[PDB]
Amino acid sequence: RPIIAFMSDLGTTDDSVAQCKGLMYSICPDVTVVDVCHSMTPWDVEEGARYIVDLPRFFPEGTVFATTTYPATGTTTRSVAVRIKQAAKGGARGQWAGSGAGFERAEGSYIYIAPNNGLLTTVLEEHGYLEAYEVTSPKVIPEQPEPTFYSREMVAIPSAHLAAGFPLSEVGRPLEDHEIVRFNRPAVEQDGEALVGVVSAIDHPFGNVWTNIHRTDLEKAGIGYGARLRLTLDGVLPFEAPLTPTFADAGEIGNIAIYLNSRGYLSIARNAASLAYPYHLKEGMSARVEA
């Protein structure tokens, strides 16, 4: 029962992902391959990062995360394979996932394999890591890798060797911290009483609006449930709602809800209606909150 959770930019409109899965079953016959999603904006490492950072706590320990967008495919670049440290609690409150008090996950229990292009930036900062390796061994990758399909050659193939029990430390040399590429994560700016950030994503298929203002940012300003907030979107939209746990707390259908989403971030929405879709609100718009 080893598991590979597969997140790519290959789409679901042809056999690309299927080619990867075939090789995964060829290499690790008893594997379960779980699709994260294959629908990310290609080459957008910051977005792919979002789909992979919250994963470990939800999976049984020993799960391998094969995560890939590879614009540098067919170059001398090689992937990185990391064993993370903290599985890490998540959500609005910061807790373990599961029934009861949740399923506590041990440390050093998940492997991420990805292009060394910054895709694992937030995984590394939010979980830490115990070890990190360049993926170079002809035992886990092709000697002649397909120039335009490194998402298969350099992620999917070796992830299945790792899931079969190939020793992580044998995929290639240890990587020093600085050799692991990171993208810049823009910071939430304290601006007087206000916290100033950005709309980080539109929560599809609902049209909810997610910000990069985390619960840790809020509580450092002393903002918890009940706080009457002004959340200004796009510079000109001063929404006004108390912070509430969930959508229905806005009252009637269509009413504005300000809440902490399931990833732990300040968000805004309408109760059982779309906020973002009718007004064509977008990722990257400004987002400011204050009491």
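Take the two forms, find the largest set of C-alpha atoms that superpose within 1.5 Å, and that set is the rigid core. Note that residue numbering follows the sequence shown and begins at 1.
The stretch that moves more in 7 other deposited structures of this protein, judged by CA deviation after a rigid core superposition and choosing between 83-91 and 69-77, is 83-91. Per-stretch RMS Cα distance to the displayed form in 7 other deposited structures of this protein, following rigid core alignment, is highest for 230-238 when 230-238 and 32-40 are compared.
Relative to one another, 170-178 and 186-194 have unequal mean CA B-factors, and 186-194 is the one with the higher figure. Higher mean CA temperature factor between 87-95 and 147-155: 87-95, per the PDB entry.
When the modelled residues of the chain are ordered by their C-alpha B factor, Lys220 lands in the highest third. Per the PDB record, residue ranking by Cα B-factor puts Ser109 in the highest third of the chain. Ranked within its chain, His280 lands in the middle third, by CA B factor from the PDB record. Among all modelled residues in its chain, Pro138 ranks in the middle third by Cα B-factor.
Among the modelled residues of the chain, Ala163 sits in the lowest third by CA temperature factor in this PDB entry.
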